[PDB]
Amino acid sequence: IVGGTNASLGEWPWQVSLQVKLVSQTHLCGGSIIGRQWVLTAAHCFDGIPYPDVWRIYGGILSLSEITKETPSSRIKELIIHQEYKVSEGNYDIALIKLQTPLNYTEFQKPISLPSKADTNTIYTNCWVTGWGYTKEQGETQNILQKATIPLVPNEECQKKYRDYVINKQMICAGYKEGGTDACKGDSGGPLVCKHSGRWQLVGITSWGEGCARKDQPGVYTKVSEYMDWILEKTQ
């Protein structure tokens, strides 16, 4: 994250590191526990490596440094990427992951609530980004989970700050007019969460942005409320 600080154990108990094991293992993507067997991330995280054997998912951890090979992994029973997702595009950037084994919930490992379809036009005032991405452009993966509060930029004002690219209603933008607060490389698939009724809700999934925290270049996030029928369909 650009322009944030260490999180604590149990602040963000839904956040997971997705890792790839080839010759060596490494963090690539964030995601969110939404149920015992279910993790929600971005489609672009599996662009290059769509083989689920290869992937490891880790929860209740504050630093990647605390993950070895003797650490229990959740593994992909099933990888559901929205059919409409095209491998080199920003649309339909969302994937569901069924785990082989249901997770045991703890102080440190909890699911986040999803919004109603009814929450589509709701205005959130208190929104946070988390992950182990870069703190700067030309940065490097962090050991300690980062967090940052970010204001939602309404969709029309976000469109006009990206003339080249096309902002959907199924996208949601966050950032300051200048600002150093934003998601970066390695924050892919991580949650934008907002507090609405005193509880946390996954409002967005880190998707794409032009640079990290550049002046007037807000981050763009898959808007989860808009995929709630897709989520019920693929989870039953």
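All residue numbers are counted from 1 along the displayed sequence.
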| item | value |
| --- | --- |
| 83 to 91 set against 142 to 150, stretch whose average Cα temperature factor tops the other in the entry | 83 to 91 |
| Entry-level comparison of average CA B-factors, 211 to 219 and 13 to 21, reporting the higher stretch | 211 to 219 |
| Options 121, 116, 126, 130 - largest CA temperature factor per the record | 121 |
| Among 201, 197, 206, 32 - the residue whose C-alpha B-factor is largest in the record | 197 |
| Assigned third (lowest, middle, highest) for the C-alpha B factor of residue 26 | middle |
| Lowest, middle or highest third - CA B-factor, residue 62 | middle |
| Among modelled residues of the same chain, the CA temperature factor third for residue 175 | middle |
| Assigned third (lowest, middle, highest) for the C-alpha B factor of residue 69 | highest |
| Chain thirds of CA B-factor: placement of residue 99 | middle |
